[PDB]
Structure formats: structure tokens, C-alpha cells
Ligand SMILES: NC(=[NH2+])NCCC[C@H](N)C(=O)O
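Only one chain comes next, encoded as C-alpha cells, the form solved without this ligand.
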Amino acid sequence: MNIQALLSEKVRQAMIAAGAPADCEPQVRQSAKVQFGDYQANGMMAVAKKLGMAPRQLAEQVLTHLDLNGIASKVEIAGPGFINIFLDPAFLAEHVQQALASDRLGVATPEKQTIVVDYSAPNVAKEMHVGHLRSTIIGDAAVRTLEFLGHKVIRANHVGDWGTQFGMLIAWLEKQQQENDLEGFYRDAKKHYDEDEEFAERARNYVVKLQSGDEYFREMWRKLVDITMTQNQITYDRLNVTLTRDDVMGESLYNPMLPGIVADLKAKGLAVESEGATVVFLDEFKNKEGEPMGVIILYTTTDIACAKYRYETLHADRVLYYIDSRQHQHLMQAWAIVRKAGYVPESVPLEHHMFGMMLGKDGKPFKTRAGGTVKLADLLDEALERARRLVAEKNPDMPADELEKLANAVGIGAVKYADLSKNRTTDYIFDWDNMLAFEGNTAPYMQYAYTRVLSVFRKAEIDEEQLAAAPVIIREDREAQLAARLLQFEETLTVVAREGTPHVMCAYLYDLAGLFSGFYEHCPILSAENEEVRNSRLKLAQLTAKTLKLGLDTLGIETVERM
């Protein structure tokens, strides 16, 4: 149920009937304060200028043809001409009911698109670092959200499985095999190819045979790759990320394309051998002219083939990119090249969602106390430990068999539900005291809140198959608030899918919880004057439980049934 889009039309299909142009835009948002009802129409003022009249007069000129009967119970004008809509109880207590009768809670299925999500993107022959945790989590949240809506999501893991370093890598592997897993690999082999070593010409030659390709050096490649991706699939499985091995499309598939991509870029008149390198000129920035590359004898030419392959072979209607902030240039530049070359059209967006670096409670890069890179596994280990200590001092002397299970949900959930709360792209603070707490917008609070709600719909007799025969009658203004927000689940979902931002979902869920936690300490679902309301508020509570569950599911957050 997308009430916004509903009122969006009935106001648009109005307005016109009060003198308005075709390209018309009502601005139907959710009211800030509760003074302004459940929804606002802001589109007046802006329109009330292109015709040069008066906003507070164009206002009720629309209400004359605006018939929100059976929908709203109170429509009034306020301020410089806002149209405030106070939803009618009987309208809410009809879609609150419709959501219950559906396994998708009334959420409608959009036009079945085909989207490609680019997330995680770890490196080869290196233990996965914590600087990739953000990309992996948010990307998976996007995928889950899109998948629930019904689209066809192609998970894309752009693994750095190619580069110069493989000469330094494979040679070490070839040598490290003469003694007998990856922990001091990339680190030790680096100590050779600089100071000090003699047969690095062995390594610098070992790479030039990989581009040519013969199974021997091809095995030493895949062998080195498959081990890294096996270590990482473990990390994913621990992290509850939906990624898989057959979701890997790294810097290998987008490599034999490099010739006939700049050649075709030259065979279309767009490249000049400036400075000594193939370059392609664009025009939308500074006081002279900037310039990307392609060759010289790069991290911009690969993405072009990438963004092309998504469209031409994978039939991507849309393609999301969850990548570090320090890559916005290299993408936008290399994407503007695809916009003025016609590889991928216009109906196919190339979205880029960004984020900064991991920092601690001190503005410095997130590192260990030794002063170095933090392994993601080592982070998850402490997450589970700190969670155990958390659950212990509140629920001690309890079956260990169901503590690790609960500590898993709390700890691993907190690690995820911490990027799913921030939307910035200018670095971020990692603080255990913020994420692992029963207070605030934290996963444990949501997880506890969900158990709380669920308990109410448990201690009562009223079985499952006759409860939904007694209807919902909303008579009080806290039930109306709750029921409204409950129905705004589709809106939030559509915003997440559109903007690629899961923080909205979490903000909603946090906001959704607070309503219940206020609807509870005032409106006794427990026991009231009659059965008519007892069952009604149960269903009203029953919905949020299903809603909180489904919401947390789209984020990839475990939900324990009991705390």
C-alpha cells in the first residue's frame, strides 16, 4: 500500500481541474509534525507562481475537486498554502487488514526489471580487510530489498584477481609449494620484490606469460584465486551475506575486451594520442580541460567494458555500484565516456553509492593497537565476544547451546546494522559502545523490540485462524499513528530501492518500534473493556511483528524469537 502515490494522483488529477499545466508536480510528503496530519501537499506555492496567483487561494480551489472521501477525514489549509491531509481511521483499518491477508504485507510488485549490484569486491591472495565490510553489507541489503520487490538481481563481485603482483605472487606460490594457509602471503612476497632479492626477474617474467596463457600459469592463477575466495566465502557465510562463488566477475572478464574497446573508441573519432597515451576528451568541469586515459604503453578503461558488459550481455536495466568514495572521479569520467559513445543507453542508469574510510573513536584510520590493518575475521571474532559479554550480564546462568546462537544475532547483527544507519560518504566512526547497546538505533534494540512485540501476540489464547475474522476498529489516536506507519512500509521500500539507501529502512523500523512502545504503555492490548478491541489491537500488534521481521530481513539482520 503506497498511500503517497495514491494521494499523489488524486491531488494531481485535482489541481488540473482547478487550472494547472500538464507538467504538474504536487509534493506529497509525510507531514513533519503531527499538527499537519498524516500527509502534506507542498506543490501549491511553486505552481502558484507560474500562473501568478495566490497560494492560499489556489489551495482551496483544489479542494473543490479534491475528493478524498473514504480516504481522509479532515483536509485543511495551513501556512502559506500547504494542503494537510488527516487520514480517516476506517481507511487505515482496512489496509492494515489487507496487509495481514498477504505474505508480502500488501507490498505491490513493480515492473519486473533486471538490476546488477556491484558490492564487496575483495582482493586476491590477501586476507579480506575491514575496509571492504561497508561495501559488502550495504550492497547485500540492496540486493535483498530489490529481490523481495521481485526484480531479477545479478550479484556482481568485482574481485581484483589481476594485476602485476601475480608475478610476485605465483613465483612465491611455486616456491612455497616446495616446503609442504594465506596469512603472510602478499606481505612476505613483497619483502622479496624490493629489498632484498635477486631472482625477481623470474617474477617480472612470470607475469608476461599469464597474459599469453598456458594452463600451468593459469592453474597457479586460479589456484591462488579459488583459495582466497574460499576463505572469503567463509567470511560471507559468517556475515550472513548472500554472495556466492558464481557471483564473481572480477578484473578478468573485463580484460580481453580492452583492445577492441579503445580501438572502437578510436574507430569512432573520440581518442587522441596526447602526451603519449590514448585519451578521450569531455567537457563539464573547470577553467580549461581535464583528461582521462586508456593506455600509455587502467582503472578507467576496465569500468567502460564493465558498464558495457552489464548491458550488452547481462541485459541490465539498471546497475548499482557500491564502491569507495576515492573512485567517484574514475567512474564518472569513464562513465561519461560511455554516455558519449553509446555502449549503454539512457534508460539504463549507472548509479554510484559511496562511503568513506573506517575511523575509530578518534578520527584516525581504523587500525589495531599494534598499528596496522584490521582483518575482517578478527573483527567478527571480537564482535561475537563482546556480544557474549553483553548477553551474559543480563541473562546469565542460561543454556550455552542458545547463547552462541543469540550472541551471533546480536554481535554479527550489530556489525552490519551500523553501516545500515549511516549514509554519509565522508568517513565513519566504528565504536563498539554505540553499536552494541540496548539503547538507540542499534540492532540489539530492534532485536529486543521484536521479541517484545512478539510476546504480546503469544500470551493470549485467540488462535491464528479465527483472529483474522474479527476486524480492526481504530478509535484512538495512537492506534491511528501506528497503523499509518505500518502501511508506510511500501513507501520506505520503494525509497530504498530507488535511492539505494538502506538507512531509510532502519530509520523507519526504529521509528516504527517507538510507536508500538508508546502504543503499548497506553493502549492495553492485554485486556480491555471488550473483545472487539482486544483482537483488533492484537492484529495491529501482529502486523508490526510481521513488518519488523520482514524489514529486518531486507537488511540481513537475524531475529531471535526470545531474549
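If you superpose the two forms and keep the largest set of C-alpha atoms that fall within 1.5 Å, you have the rigid core. Residue indices: 1-based, along the sequence shown.
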Give yes or no for this: do at least a third of the other compared entries, each modelling residues before and after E179, lack coordinates for it?
-> yes
Is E197 unresolved, in the sense of carrying no coordinates, in at least a third of the other compared entries?
-> yes
Residues of the deposited sequence left unbuilt between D427 and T426 = none
Taking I297 and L298 as adjacent modelled residues, how many residues of the deposited sequence between them have no coordinates (none, 1 to 3, 4 to 9, 10 or more)?
-> 4 to 9
On average, which has the higher Cα B-factor in the deposited entry, 442 to 450 or 219 to 227?
-> 219 to 227
State which stretch shows the higher mean Cα B factor in the entry: 162 to 170 or 239 to 247.
-> 162 to 170
Per the deposited B-factor column, the C-alpha that peaks among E499, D511, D38, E532 belongs to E532
Highest CA B factor of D378, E147, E351, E289, as deposited, is found at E289
Could you tell me which third, lowest, middle or highest, the C-alpha B-factor of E490 occupies within its chain?
-> lowest
In terms of the chain's CA B-factor thirds, is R56 lowest, middle or highest?
-> middle
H95: CA temperature factor from the record, placed by chain third, in the middle
Would you mind checking where the Cα B-factor of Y417 ranks among the modelled residues of its chain, as the lowest, middle or highest third?
-> lowest
Grab the CA temperature factor for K49 from the record and place it in the lowest, middle or highest third of its chain.
-> highest
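The same protein also exists as the form solved in complex with this ligand; that form is not shown, yet it is the one meant from here on.
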Pop this ligand in from its pose in the bound PDB entry with a site C-alpha superposition and tell me open or blocked, counting ligand atoms that come within 2.4 Å of any backbone or C-beta atom (3 or more means blocked).
-> open
Heavy atom within 4.5 Å of this ligand in the bound PDB entry - residue from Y299, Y448, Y216, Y193 = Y299
Could you spot which one of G440, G160, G79, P365 gets a heavy atom to within 4.5 Å of this ligand in the bound PDB entry?
-> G160
So which stretch, 401 to 409, 283 to 291, 488 to 496, 318 to 326, is the one near this ligand in the bound PDB entry (non-hydrogen atoms, 4.5 Å)?
-> 318 to 326
So in the bound PDB entry, does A121 come within 4.5 Å of this ligand, heavy atom to heavy atom?
-> yes
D303 within 4.5 Å of this ligand in the bound PDB entry, heavy atoms | yes
4.5 Å heavy atom contact, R238 and this ligand in the bound PDB entry | no
4.5 angstroms heavy atom contact with this ligand in the bound PDB entry for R155 = no
Identify which of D401, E111, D103, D433 has its C-alpha displaced by 2 Å or more between this form and the one not shown once the rigid core is superposed.
-> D401
Inspect the rigid-core superposition and answer whether the C-alpha of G371 shifts by 2 angstroms or more between this form and the one not shown.
-> yes
Does the distance between the two CA positions of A271 reach 2 Å or more between this form and the one not shown, the core being superposed?
-> yes
Relative to the superposed rigid core, does the CA atom of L282 travel 2 Å or more between this form and the one not shown?
-> yes
Taking the shown form as the reference, report whether the CA atoms of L420 and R424 lie closer or farther apart in the bound PDB entry; the distance changes by 3 angstroms or more.
-> closer
Since the CA distance of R424 and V116 differs by 3 Å or more in the bound PDB entry, is it closer or farther than in the form displayed?
-> closer
